[PDB]
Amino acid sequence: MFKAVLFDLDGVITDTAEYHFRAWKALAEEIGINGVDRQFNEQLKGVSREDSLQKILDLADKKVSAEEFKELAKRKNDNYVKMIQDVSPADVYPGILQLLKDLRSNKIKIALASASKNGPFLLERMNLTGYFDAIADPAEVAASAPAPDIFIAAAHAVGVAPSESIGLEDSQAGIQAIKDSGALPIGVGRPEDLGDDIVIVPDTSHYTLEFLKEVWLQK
């Protein structure tokens, strides 16, 4: 049986996307750039902070210095950190707490394998820290998804090889990271986005211990 589950955070445990969107929209309003609406924001999903800021500047053909650019990115981050202050246990996605409980009951290791530099804070706000055996630090990896680094780190931190692990992700690059780590990916979303060569569930209510066991045994 698999010995660990490596959890992405955003799109798996909870959603932070609304806060990212509102942070960008607030910054755009402050600097007088029109057009940062919900539809535009779809172009910022899975994109780096810096590439997202550039997309926003491009809406107004705005040119800035490196120092100005750094400051705008900082202001967006400040916005986001303020906006996540009221995250709560009610924000945990369906099924996830029961999955954590069932994994713990069955002595299966639980690691956070998230790109979020706010992972520990968010798990505290959601009252989930006690379930986690480790949090891989995204500040300590050399490369971000689709590189496998955070998933290798997470597996190692709970004393397992990635090959003994399942990874859960909502992003295409994240799925590729899991695959390349050696862990077994189970995506949440649709194959158009994630690929058709992995098991995918439509939403997190399908992430149950019984389902993960079924997937593992099929493999």
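Just count from 1 along the sequence shown to find any residue number.
S.K.: On average, are the C-alpha B-factors higher in 38 to 46 or in 54 to 62?
M.R.: Going by the record's values, the stretch with the higher mean is 38 to 46.
S.K.: Determine, for stretches 72 to 80 and 119 to 127, which one has the higher mean CA B-factor as deposited.
M.R.: Here the higher of the two C-alpha B-factor means belongs to 72 to 80.
S.K.: In terms of CA temperature factor as recorded, identify the highest of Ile178, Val158, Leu194, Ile186.
M.R.: Out of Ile178, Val158, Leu194, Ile186, the record gives the largest C-alpha B-factor to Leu194.
S.K.: Would you mind checking where the Cα B-factor of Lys3 ranks among the modelled residues of its chain, as the lowest, middle or highest third?
M.R.: As the PDB entry reports it, the C-alpha B-factor of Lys3 lands in the lowest third of its chain.
S.K.: With respect to C-alpha B-factor, does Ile31 fall in the lowest, middle or highest third of the chain as deposited?
M.R.: Tercile = highest for this residue's CA B-factor.
S.K.: When the deposited Cα B-factors of this chain's modelled residues are ordered and cut into thirds, is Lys107 in the lowest, the middle or the highest one?
M.R.: For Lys107, whose C-alpha B-factor we compare with every modelled residue in the chain, the answer is the highest third.
S.K.: Please rank the C-alpha B-factors of the chain's modelled residues and tell me whether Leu9 sits in the lowest, middle or highest third.
M.R.: CA B-factor rank for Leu9: lowest third.
S.K.: By the recorded C-alpha temperature factor, relative to the other modelled residues in its chain, which third is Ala134 in?
M.R.: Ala134: CA B-factor falls in the lowest third of its chain.
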